[PDB]
Amino acid sequence: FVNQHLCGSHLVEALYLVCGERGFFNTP
Amino acid sequence: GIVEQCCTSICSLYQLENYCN
């Protein structure tokens with residue numbers, strides 16, 4: 001059945017999408 | 001962390017967003 005886990009490139013893609021301009025894996 | 005919450009388990013939008021800068 002369909003699954004809801006975000007792994008690998010899917011998790012990367014999800015962070016690109018939801019973080020937008022805020023970004024992620026950065027330091028200020 | 002994020003891999004155990006989102007990949008092993010399932011994460012909600014606000015869990016995911018809180019990992020953003």
Side-chain angles (χ1 to χ4, degrees):
Chain A
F1 198 79
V2 67
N3 93 69
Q4 307 309 330
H5 305 292
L6 299 167
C7 300
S9 57
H10 296 157
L11 182 54
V12 173
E13 290 151 6
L15 288 161
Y16 274 117
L17 177 59
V18 311
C19 297
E21 149 283 320
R22 291 180 168 81
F24 57 100
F25 297 176
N26 233 123
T27 202
Chain B
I2 190 174
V3 180
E4 190 288 331
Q5 198 46 254
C6 284
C7 171
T8 297
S9 190
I10 296 167
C11 65
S12 66
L13 184 56
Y14 289 166
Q15 285 173 323
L16 187 60
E17 289 181 355
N18 266 335
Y19 299 117
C20 303
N21 285 126

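Convention: sequence-line order gives letters A, B, ...; per-chain numbering from 1. Below, all heavy atoms of this structure are taken into account, side chains as well, without hydrogens, waters or symmetry copies.
Take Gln4(A) and apply the side chain to side chain contact (heavy atoms under 4.5 Å, CB included) test, not counting sequence neighbours, and it matches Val2(A), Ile10(B). Every side chain to side chain contact (heavy atoms under 4.5 Å, CB included) that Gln5(B) has, sequence neighbours left out, goes to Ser9(B), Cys11(B), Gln15(B), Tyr19(B).
Atoms CG and CG, from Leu16(B) and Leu6(A) in turn, are 6.5 Å apart once rounded to the nearest 0.5 Å. Residue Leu15(A) holds its CG atom at 13.5 Å from CZ of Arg22(A), rounded to the nearest 0.5 Å.
Applying the ring-ring contact (aromatic ring centres under 6.0 Å, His included) rule to pairs touching residues 9-28 of chain A yields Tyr16(A)-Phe24(A), sequence neighbours excluded.
Here the closest heavy-atom approach between residue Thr8(B) and residue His5(A) is recorded as O-CE1, 3.1 Å.
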Inset, instruction - Could you check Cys7(A) against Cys7(B) for disulfide (SG to SG under 2.5 Å), going step by step and ending with a plain yes or no? - result: CA-CA 5 Å; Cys7(A) 300; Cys7(B) 171; 2.1 Å; yes

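Less than 2.5 Å separates the SG atom of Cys19(A) from that of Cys20(B).
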